[PDB]
Amino acid sequence: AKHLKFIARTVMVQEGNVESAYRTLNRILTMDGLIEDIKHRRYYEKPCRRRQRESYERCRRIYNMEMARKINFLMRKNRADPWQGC
Amino acid sequence: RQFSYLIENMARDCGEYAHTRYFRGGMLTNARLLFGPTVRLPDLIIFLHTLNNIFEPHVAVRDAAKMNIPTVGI
Amino acid sequence: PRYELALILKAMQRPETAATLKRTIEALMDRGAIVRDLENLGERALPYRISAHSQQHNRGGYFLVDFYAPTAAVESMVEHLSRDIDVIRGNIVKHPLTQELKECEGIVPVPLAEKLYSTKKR
Amino acid sequence: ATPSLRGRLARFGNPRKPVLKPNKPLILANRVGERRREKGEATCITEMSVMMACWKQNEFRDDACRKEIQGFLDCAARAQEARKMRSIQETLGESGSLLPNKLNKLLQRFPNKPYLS
Amino acid sequence: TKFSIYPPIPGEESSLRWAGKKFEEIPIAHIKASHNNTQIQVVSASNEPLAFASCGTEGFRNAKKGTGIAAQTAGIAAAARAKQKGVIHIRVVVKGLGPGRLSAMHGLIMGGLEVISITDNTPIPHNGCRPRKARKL
RNA sequence: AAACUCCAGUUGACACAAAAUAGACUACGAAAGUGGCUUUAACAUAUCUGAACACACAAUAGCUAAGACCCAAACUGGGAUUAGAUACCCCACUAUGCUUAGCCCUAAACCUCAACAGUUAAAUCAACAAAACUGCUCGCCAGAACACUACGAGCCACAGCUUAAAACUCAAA
Ligand SMILES: CN[C@@H]1[C@H](O[C@H]2[C@H](O[C@H]3[C@H](O)[C@@H](O)[C@H](NC(=N)N)[C@@H](O)[C@@H]3NC(=N)N)O[C@@H](C)[C@]2(O)C=O)O[C@@H](CO)[C@H](O)[C@H]1O
Ligand SMILES: [K+]
Ligand SMILES: [Mg+2]
Ligand SMILES: [Mg+2]
Ligand SMILES: [Mg+2]
Ligand SMILES: [Mg+2]
Ligand SMILES: [Mg+2]
Ligand SMILES: [Mg+2]
Ligand SMILES: [Mg+2]
Ligand SMILES: [Mg+2]
Ligand SMILES: [Mg+2]
Ligand SMILES: [Mg+2]
Ligand SMILES: [Mg+2]
Ligand SMILES: [Mg+2]
Ligand SMILES: [Mg+2]
Ligand SMILES: [Mg+2]
Ligand SMILES: [Mg+2]
Ligand SMILES: [Mg+2]
């Protein structure tokens, strides 16, 4: 209201390619979290439910990071069998 | 697997037996059925690699102790 | 203690801005302050529109007043800045130079948590 | 940087209140989840909207909207081929991440050991 | 020069012109993409209403207004009323995560209008008012 | 569907309400609890332990009195669904949530894992969960149900809270 307009959340269109501008803008709002914040703000999320979701999201990250860290560590061993026949 | 060929040849060279392949459960604790009643089990097992491919002790280490066979291991 | 008065004055001329600073610095001395310096951060555009004393401001002058005063003079001076019509917004905070910065040796790596679950074959 | 786990779970040495209350033990499994099915993107919708808008003006006559129909027709042919190409190629072709069936053969060769032996 | 995605600040002088008009002068297309409707209103730089269209004003009822075809129809109806007043280039200011958030932008292009920017002004509070209680449906 | 139509959209002005991101942090406090900014005061103890009742605190809800009111919202009213619908879905609105002053004194107040000190050896260890133990002290508990009851006492509590039995009954829980 009191800030300057057409600076925040604004993307310019290159050669009339609106599709790319909308995809970029939607990638700015998803990376920042606005998209998910607006979806949880439609209906009030009680503190207890909001704390149960943060824990679920934090334990999912921890697991997904380690599983990915092991997949990148063992991808070196996805090569052909060198001792074929033994 | 890297040394499977080498060990098998030496066993043949020294007139002895080798098993560098997948250990079928029961070779030792069930030899009568698999081979026969009059089969003679090994008197000495030499483990050049005490671990399997999943970095766990070879089953023969415990299966040789059940059959009171002395084991040598690296 | 030593405080810092972040003062945002209304965009006016030199004669009126100097009369306001003097009127403001004399109010501190009357409350027992020992003014130390008067820095000017220059006149710029405000980040957002500020509404004060039935006026919508878009520009203002930024002035810092470093001073020493007793603890009881801060609350009495905050009521003096709320009545001044030439003072858009003014806040008093403890000077950041009276807060020694602890030396840092660097980032300490944290090893993954161990012995969190029993070593049993589930 | 994986988030820390010091003083998070309720234990005996930890004096403070728990930060996390996991319903499943935080121990890596020896397998990954199967990739979900994608909802998909409807194709030839813009060609399908300008072809049904011409019928209303021309009272559903196929002699005045011939050009519009071809756009909707040619698109359907191209879209149909892409669906056939995409399904077969993705599984057979190796691009980016591996598939669960091939990735679980790699995690079962290096199983997680939360026990002692 | 190159091409930046950040809008040209009014104060600092730039060279980006559209039909001889500065970015500030370009008219604005305020889209409010709700869940059950999509209202579109085109305004000038001096906040002068030029055209207004919505799914309801185009003859849709109840649950047909919350579709992507009704928003596109509303864009064509607002891009045909503003093109008679001399509007070609617009600044899109979308508000809401409704179905007709992007479909109305296509409808404005199917009326002869060229979109030069996409602005998002979706209301996000920094905790303010409390929403209605969650539902079991 | 009802409802609303001094309605809706842009712009501008405008809170005794509530405090995105940061926070992938893991801190403060006895716990309850605490996550917008600034300032003032300020966070017990140089052995440990130590109370249903002493002393002092204690989420939400609720009472009494006076204010405030954006939104939400038990009750209630309307609309619909349904065999019915005192419900789930939609709308509207109230007590209430907020402030001040008193009261009430409860919780799955549960990290269901007491306070202090210590160990990682030995028989590791019913099971599961959050590995198993030692010393010391306080508190509590001895089949299920009756029973977060009855009586008694106490309490600003008068459909209340705390403390809290037995008889009948079963051979299991
Ligand atoms: C090993 N005995 C089990 C046990 O049987 C019990 C069972 O005992 C029942 C009592 O008669 C009855 O008054 C009693 N009724 C009550 N209102 N208290 C039953 O609860 C009780 N059953 C039970 N505790 N499981 O019925 C009795 C006749 C029984 O056979 C005596 O031995 O309980 C039965 C299930 O009720 C099981 O089927 C039996 O296998
Ligand atoms: K609990
Ligand atoms: Mg659980
Ligand atoms: Mg906040
Ligand atoms: Mg004590
Ligand atoms: Mg006692
Ligand atoms: Mg009690
Ligand atoms: Mg209380
Ligand atoms: Mg109250
Ligand atoms: Mg309301
Ligand atoms: Mg009813
Ligand atoms: Mg009310
Ligand atoms: Mg609690
Ligand atoms: Mg104690
Ligand atoms: Mg009992
Ligand atoms: Mg009770
Ligand atoms: Mg009672
Ligand atoms: Mg009584």
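Note that chain D is numbered according to Swiss-Prot, with residues 2-118 shown in order.
Technique stated in the header: electron microscopy, 3.0 Å.
Placement of Cβ uses the backbone N, Cα and C atoms for every residue, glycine included.
Swiss-Prot assigns the feature motif 'Cx9C motif 2' to one of the listed ranges (D:66-76, D:77-87, D:99-109), namely D:66-76. Same-chain residues lying 6 or more positions outside the domain 'CHCH' (D:42-84) and placing a CB less than 8 Å from one of its CB atoms do not occur. Put simply, D:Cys66 (disulfide bond) is 16 Å from D:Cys76 (disulfide bond) when counted between their Cα atoms.
Residue counts of the motif 'Cx9C motif 1' (D:45-55) by helix, strand and coil are 9 helix, 0 strand, 2 coil (DSSP-based). Reported as a whole number, the C-alpha separation between D:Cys45 (disulfide bond) and D:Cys55 (disulfide bond) equals 16 Å. For D:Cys55 (disulfide bond), the same-chain residues that are 6 or more apart in sequence and have a Cβ closer than 8 Å to its Cβ are D:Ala65, D:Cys66, D:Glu69. D:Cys76 (disulfide bond) is surrounded by 16 other CB atoms, counting those within 10 A of its CB over all protein chains shown.
The 10 Å shell around the Cβ of D:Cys66 (disulfide bond) contains 20 further Cβ atoms across the protein chains shown.
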